[PDB]
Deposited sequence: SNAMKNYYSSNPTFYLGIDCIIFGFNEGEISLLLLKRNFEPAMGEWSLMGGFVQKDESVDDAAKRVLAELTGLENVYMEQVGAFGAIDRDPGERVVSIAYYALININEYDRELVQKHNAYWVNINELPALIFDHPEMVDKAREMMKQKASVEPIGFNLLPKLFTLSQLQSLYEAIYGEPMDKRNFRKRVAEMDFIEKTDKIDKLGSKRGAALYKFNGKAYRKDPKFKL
């Protein structure tokens, strides 16, 4: 059995989940009031710790489910945050994970039962520790992702107008966009495709495809 590596120290390994939600033209962040010390009661990302019996990726899934009830949310790793004094309680290196989801009814009731709250990304309260830095990094990742592949397949209807698409991009990027230049930029995205169908007024309908994955 003994002890490979026992000369080295061990560390608490944190998990923080960053859940962006799109609804009615706005992005919100899912937040809670932290249920343990230090900084108990203060505004927080969904925070937990990696356990011995699980991968770090599965820790994220578990932490999310424990603190919000949400299951079946695919998340992408944001990074390992390991500044010495990031957590005032102990040395904690935290691994952040993020997703962008479409905010829907059953999920809404579930989240509310956990005392998690959707807060508009332009009106965030002061978050504990380095959570604002984590959120900023996830938001930049989301921006970059949206420029190279479909940002999600159930954020918008299967067939969507350019106006609907523009509202999603403006929310992600956090600034209004020029309609003509946005249309030109979309024409350069081979993963968005104009169909023959029209909205029912007369606006052209577009769809995401799988061309960014080839």
Stretches with no C-alpha atoms in the model, relative to the deposited sequence starting at 1
1 to 3, 204 to 207, 222 to 228
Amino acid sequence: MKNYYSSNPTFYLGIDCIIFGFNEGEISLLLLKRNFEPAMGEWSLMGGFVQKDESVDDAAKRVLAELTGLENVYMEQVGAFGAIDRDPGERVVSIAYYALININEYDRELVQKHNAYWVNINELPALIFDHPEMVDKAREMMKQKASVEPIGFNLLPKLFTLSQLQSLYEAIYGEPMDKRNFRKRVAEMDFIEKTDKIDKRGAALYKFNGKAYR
From here on, numbers count along this sequence of modelled residues.
Comparing 190 to 198 with 8 to 16, the higher average Cα temperature factor in the PDB entry belongs to 190 to 198
Look up the CA B-factors in the entry and say which stretch, 174 to 182 or 34 to 42, has the higher mean.
174 to 182
Among the choices 126, 141, 73, 96, identify the one whose CA B-factor in the record is greatest.
126
I'd like to know which of 111, 103, 134, 80 has the highest C-alpha temperature factor in the PDB entry.
103
